[PDB]
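In the block that follows, a single chain appears as structure tokens, in the form deposited in one PDB entry.
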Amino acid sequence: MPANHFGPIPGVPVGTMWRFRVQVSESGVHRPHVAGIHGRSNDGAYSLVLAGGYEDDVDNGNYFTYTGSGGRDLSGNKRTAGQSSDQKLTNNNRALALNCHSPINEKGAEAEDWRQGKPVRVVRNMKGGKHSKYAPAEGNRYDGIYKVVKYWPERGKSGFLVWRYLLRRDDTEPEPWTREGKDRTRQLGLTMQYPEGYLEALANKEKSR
């Protein structure tokens, strides 16, 4: 797959799991190994990860409200920090807004024919609330295609403006956290994937003090 492919990655079913983000990147399902969103600001967003990293994220499984990135001071060669400035409808935030089936709008937009929007591959990471109903117990899990129904700017918990996006699921395969999804995962033999040599290295490191 080209980097700008929209839609599912062939041969990677819903429910596939990987221990580390770099493995998710290698699969093609989410090519950035740090960033939450993969997008091109004049094309759209191809995928996103829910990893508990923004306090304004709210995950309801078949739908969720995702937060834009940025509004943060990453001075000192940081990757994450708390909010310290307003977010902007630029870069990955603009990309994800362009998936919505409505022209880009600096005040937000909502699509009526929201399935006509561009698909987003969604991965859930283990981090987030304790004993989440949706997050995997370990690693990262591909949960299928979702679509951006609407997006809008709002005052975040921090008091700074954040961009927010409502995504709804649009995938024919069962959600992995449901009974049907757990049955499909069992039948397909989907299990956590680890880097070559990792479990051996772990086994060696566990031999002594």
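For the two forms, the rigid core is made up of the largest set of C-alpha atoms that agree within 1.5 Å on superposition. All residue numbers are counted from 1 along the displayed sequence.
Only in words, not in the display: the form deposited in another entry, which the text now covers.
Large C-alpha shift between the shown form and the other one, rigid core held fixed: of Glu173, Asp170, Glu26, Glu55, this applies to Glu55 alone, with a displacement of 2 Å or more. Comparing the forms between the shown form and the other one, the C-alpha position of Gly156 differs by 2 angstroms or more, with the core used for superposition. With the core held fixed, the Cα of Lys107 is displaced between the shown form and the other one by less than 2 Å. Positional change of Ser132 between the shown form and the other one reaches 2 Å or more at the C-alpha, relative to the superposed core. Relative to this conformation, an increase of 3 Å or more in the Cα-Cα distance between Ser158 and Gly61 is found in that other deposited form. Relative to this form, in that other deposited form the C-alpha atoms of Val49 and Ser158 separate from one another by 3 angstroms or more.
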